[PDB]
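One structure below.
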Amino acid sequence: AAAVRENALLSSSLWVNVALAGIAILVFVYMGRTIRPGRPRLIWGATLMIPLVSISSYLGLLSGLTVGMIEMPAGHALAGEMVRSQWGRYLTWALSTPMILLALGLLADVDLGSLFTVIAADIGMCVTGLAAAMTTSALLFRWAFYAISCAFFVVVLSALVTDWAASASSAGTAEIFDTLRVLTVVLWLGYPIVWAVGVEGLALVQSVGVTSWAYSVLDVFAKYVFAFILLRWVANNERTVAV
Amino acid sequence: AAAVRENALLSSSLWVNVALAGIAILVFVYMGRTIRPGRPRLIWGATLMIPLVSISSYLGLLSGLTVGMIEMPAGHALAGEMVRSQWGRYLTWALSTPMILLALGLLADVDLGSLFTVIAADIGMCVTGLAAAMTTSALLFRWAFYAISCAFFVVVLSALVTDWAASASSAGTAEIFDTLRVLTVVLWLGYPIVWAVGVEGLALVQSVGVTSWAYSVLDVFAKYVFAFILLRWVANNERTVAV
Amino acid sequence: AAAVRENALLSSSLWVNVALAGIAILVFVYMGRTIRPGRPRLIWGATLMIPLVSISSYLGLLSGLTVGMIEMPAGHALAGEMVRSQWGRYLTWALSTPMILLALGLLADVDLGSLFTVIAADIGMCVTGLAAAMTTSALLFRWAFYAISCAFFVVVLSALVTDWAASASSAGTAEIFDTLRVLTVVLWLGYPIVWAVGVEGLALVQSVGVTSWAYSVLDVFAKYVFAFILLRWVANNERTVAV
Ligand SMILES: *C/C=C(C)/C=C/C=C(C)/C=C/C1=C(C)CCCC1(C)C
Ligand SMILES: *C/C=C(C)/C=C/C=C(C)/C=C/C1=C(C)CCCC1(C)C
Ligand SMILES: *C/C=C(C)/C=C/C=C(C)/C=C/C1=C(C)CCCC1(C)C
Ligand SMILES: CCCCCCCCO[C@@H]1O[C@H](CO)[C@@H](O)[C@H](O)[C@H]1O
Ligand SMILES: CCCCCCCCO[C@@H]1O[C@H](CO)[C@@H](O)[C@H](O)[C@H]1O
Ligand SMILES: CCCCCCCCO[C@@H]1O[C@H](CO)[C@@H](O)[C@H](O)[C@H]1O
Ligand SMILES: [Br-]
Ligand SMILES: [Br-]
Ligand SMILES: [Br-]
Ligand SMILES: [Br-]
Ligand SMILES: [Br-]
Ligand SMILES: [Br-]
């Protein structure tokens, strides 16, 4: 009745996003039929990858393929216990969050060099996050990895709010880029807060069911809604984008 | 005499392509001595990577490093048995099939955005294929992963047959691009057919020796012959390509 | 007193570079405050990633997350024994050595195609190196992987010394590119020599403490000093670089 409850929280939190990612793919495909080949069609292709990765990720977690048990180190609020870890999330972020950055980058028309470095910083953020969840030898190391990951995040954040906005202004998309940048910054901040507050971190919240739902809700906005806003603006502003 | 036979099928299927990939590298290097630095030399560099990855892949499988046993889930034609899985193949495809796409892309002179998205879809195809072979918890999940992988493949296929052909026409290479696109589409289709028909899939064919040979033969055409045709046309048409 | 000594060699060899990478990040950040946004700021962003990856790598090894024991195959100087392997190094190289190549590439203003192929060859070099250290089934295979890895290295080396220098000449940076290319070639050569001479290879040197220190010292020059020279020249030559 707490295990019954913890398991109902887990499975529902995964099944919903398998549904919602699936539906988003369908809708994004239907939307792409009335978009002119070119720079709009490039932004659309990049955008469609986002839920395709997300549904893969969630099939990963549902099947157990990318879920494991981790013994928490001495000093942890749950020291000496095996904790459920959805390390599949941290893994697939490393492919899905660069799809987001590619869409934005194409939208804001950035320098490929800036693009390559941001995406590199982003893959570093994701991988050191996974290192943090997997590290079992000491509490010191888990949070050192957390902090390195934050440093990467900052690199990604800086480029958005400076260079990429600058590129957006002279590409004619500064306004829509600024709507999306805000969503992205606000919502991406949710993830390290969830990690820290949740069971892998401080464990102020000890239900993995709850933390899993927290990530799932964040995915809904950061991926599917983000992607839907992008596509609606692009289909309405095709000339403002092409060439 | 069936184990003697299954093992002779396996080892020969791997050793041949170690030989053939090795020879292709030698020949491609010799061919590259009479190619002018520039766009031809870029296509050649990209093309040479193809067998270099392939020989690595096959050394992986021969040494056992990238081969494992997988228990098939309930409902599978071979439910409850350990099946030999050459998961090394699925792994290295994720680096070799983007080398192919890079060669084609350079040949057809595509938009880097289209390039980045195709390659991303391609890496998604390969990784979800591996997810499908590794999934053991249920039959449903194995084929859901198969289907997601097909969705990625379709993304890759669409870009070739539309955008990338369009780019080929105005880059002066539409004719050679169209020869290569056809080879690629026809032969890449062979891979999910082999998976489905073979032991990891439906198991209409239960010899892993046979399925391994089927992949090996597909590699011969999709990589080595593909790469040989590309290089012969490029060395004969260097002006039609440069700048 | 030999175990006491072997362990003091190991931990000091890792802790030093956690320190030094940490300090380099601080200094590189401080240096980047007086660099004009643009092509200089792109080179700086790429350069800063280098120690960020390196410190991650070393936190990986210190925590045990990326260290393992490997049984050496028959015919090895240490056949039948478990050897300490810092496979974390081989792993993270695959992300850090492309940051180096990106910096150089941005500095020399190369063709993205050459860039993509070099980086691909570089990731191949790193991954087949890891294959070599992990292979346990036979000595033949370990060195075949060593040799494939060398072939990749050669691809990377050729592009530097020909194409990328050519690009450097007409981008106005040939002189600084040539200083950096020399450092890179000389120092990157150190790594397969250390592997071969050390315990994973021939085992002319059987202390993993010693080989670990050898890699650590190579990182100091190939990453931190390399990166420091790059940044000092860029801050002094911003007009020679921009646009
Ligand atoms: C669709 C998935 C998204 C938008 C995920 C974003 C994830 C992050 C921004 C993760 C951030 C983390 C840190 C910044 C610190 C360490 C832990 C992480 C990985 C949760
Ligand atoms: C050199 C290697 C090549 C050309 C491999 C190509 C592999 C594919 C096109 C794989 C396709 C698959 C699907 C489309 C569905 C699921 C199973 C796979 C990975 C076999
Ligand atoms: C910062 C890390 C650097 C600069 C590492 C460079 C590593 C190499 C150049 C590795 C080379 C190897 C070979 C060329 C052969 C096989 C073994 C390796 C991976 C050590
Ligand atoms: C979000 C920033 C946190 C960084 C410092 C982490 C604090 C050290 O670690 C934390 O210590 C807590 C109190 O002992 C425990 O409750 C947590 O489980 C543990 O992770
Ligand atoms: C190629 C498209 C196939 C998708 C549906 C797969 C069918 C469900 O799965 C299949 O069921 C078969 C019959 O029970 C078994 O023989 C197979 O081993 C099993 O994989
Ligand atoms: C650096 C180039 C070396 C390639 C050939 C490796 C030699 C075969 O392998 C080596 O044989 C040696 C002598 O038996 C042993 O001491 C080593 O441990 C073993 O790795
Ligand atoms: Br779960
Ligand atoms: Br994801
Ligand atoms: Br095999
Ligand atoms: Br391959
Ligand atoms: Br160690
Ligand atoms: Br590193």
Side-chain angles (χ1 to χ4, degrees), chain A residues 59 63 65, chain B residues 1-21 54 57-58 60-94 96-97 125-154 156-157 183-226:
Chain A
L59 294 176
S63 63
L65 188 78
Chain B
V4 187
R5 154 221 181 266
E6 184 74 1
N7 297 346
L9 280 181
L10 281 166
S11 60
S12 67
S13 85
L14 309 174
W15 276 114
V16 153
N17 272 347
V18 172
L20 289 187
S54 179
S57 192
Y58 279 100
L61 305 155
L62 279 170
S63 63
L65 188 78
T66 60
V67 182
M69 300 298 207
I70 313 284
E71 185 175 47
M72 291 297 93
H76 191 267
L78 305 175
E81 318 178 10
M82 308 281 281
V83 160
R84 205 189 187 81
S85 181
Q86 306 185 313
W87 58 265
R89 299 186 178 277
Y90 318 128
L91 180 73
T92 61
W93 292 347
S96 68
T97 61
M125 180 186 72
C126 291
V127 155
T128 54
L130 180 60
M134 301 293 92
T135 289
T136 65
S137 59
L139 200 51
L140 164 59
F141 289 126
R142 294 181 63 90
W143 288 101
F145 271 131
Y146 188 92
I148 303 306
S149 187
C150 292
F152 276 121
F153 188 20
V154 158
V156 162
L157 291 166
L183 185 157
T184 299
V185 168
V186 169
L187 285 150
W188 285 36
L189 277 162
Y191 289 87
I193 294 167
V194 171
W195 202 93
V197 160
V199 51
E200 312 228 44
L202 300 175
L204 304 178
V205 172
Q206 300 189 9
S207 180
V208 187
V210 167
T211 66
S212 176
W213 261 115
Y215 289 129
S216 290
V217 168
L218 288 166
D219 283 356
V220 168
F221 296 106
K223 287 167 170 80
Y224 316 136
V225 163
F226 168 93

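A, B, ... follow the sequence lines: proteins, then strands. Residue 1 opens every chain. Values reported hereafter were calculated over all heavy atoms of this structure, with side chains retained and with hydrogens, waters and symmetry mates removed.
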Min side-chain heavy-atom separation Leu157(B)-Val185(B) under 4.5 Å: yes
Mind listing the side-chain donor-acceptor pairs of residues 61-82 of chain B below 3.5 Å, one per line with the distance, residues two or more places apart or on another chain?
{"residue": "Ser63(B)", "atom": "OG", "partner": "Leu59(B)", "partner atom": "O", "Å": "3.0"}
{"residue": "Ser63(B)", "atom": "OG", "partner": "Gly60(B)", "partner atom": "O", "Å": "3.2"}
{"residue": "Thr66(B)", "atom": "OG1", "partner": "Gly60(B)", "partner atom": "O", "Å": "3.2"}
{"residue": "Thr66(B)", "atom": "OG1", "partner": "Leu61(B)", "partner atom": "N", "Å": "3.3"}
{"residue": "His76(B)", "atom": "ND1", "partner": "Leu78(B)", "partner atom": "N", "Å": "3.0"}
{"residue": "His76(B)", "atom": "NE2", "partner": "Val199(B)", "partner atom": "O", "Å": "3.1"}
{"residue": "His76(B)", "atom": "NE2", "partner": "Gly201(B)", "partner atom": "O", "Å": "3.1"}

Side chain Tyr215(B), main chain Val194(B), donor-acceptor under 3.5 Å: no
Where at least one partner belongs to residues 125-135 of chain B, residue pairs that pass salt bridge (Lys or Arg N to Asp or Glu O under 4.0 Å), sequence neighbours excluded: none
Any residue meeting side-chain contact (heavy atoms from CB on, under 4.5 Å) with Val217(B), in chain and number order, not counting sequence neighbours: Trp213(B), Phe221(B)
Sub-4.5 Å side-chain heavy-atom contact between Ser216(B) and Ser13(B): yes
Shortest non-hydrogen separation from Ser54(B) to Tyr224(B) and the atoms involved: OG-OH, 2.6 Å
Any pair counted as side-chain hydrogen bond (donor to acceptor under 3.5 Å, both in side chains), so long as it reaches residues 186-201 of chain B, sequence neighbours left out: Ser85(B)-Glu200(B), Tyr90(B)-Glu200(B), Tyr191(B)-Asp219(B)
Nearest-0.5 Å distance, OG1 of residue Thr92(B) to CH2 of residue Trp87(B): 10.0 Å
Nearest-0.5 Å distance, OG1 of residue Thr128(B) to CZ of residue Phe153(B): 12.0 Å
Rounded distance (nearest 0.5 Å) linking atom NZ of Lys223(B) with atom CG of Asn17(B): 9.0 Å
Can you give each donor-acceptor pair under 3.5 Å made by side-chain atoms of residues 203-210 of chain B, sequence neighbours left out, with the distance rounded to 0.1 Å?
{"residue": "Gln206(B)", "atom": "NE2", "partner": "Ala203(B)", "partner atom": "O", "Å": "3.4"}
{"residue": "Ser207(B)", "atom": "OG", "partner": "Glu6(B)", "partner atom": "OE1", "Å": "2.5"}
{"residue": "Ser207(B)", "atom": "OG", "partner": "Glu6(B)", "partner atom": "OE2", "Å": "3.1"}
{"residue": "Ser207(B)", "atom": "OG", "partner": "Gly209(B)", "partner atom": "N", "Å": "3.2"}
{"residue": "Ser207(B)", "atom": "OG", "partner": "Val210(B)", "partner atom": "N", "Å": "3.1"}

Donor-acceptor under 3.5 Å (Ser149(B) side chain, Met125(B) main chain): yes
Spacing of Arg89(B) atom CZ and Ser212(B) atom OG [to the nearest 0.5 Å]: 4.5 Å
Pairs touching residues 7-21 of chain B that satisfy salt bridge (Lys or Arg N to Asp or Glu O under 4.0 Å), sequence neighbours left out: none
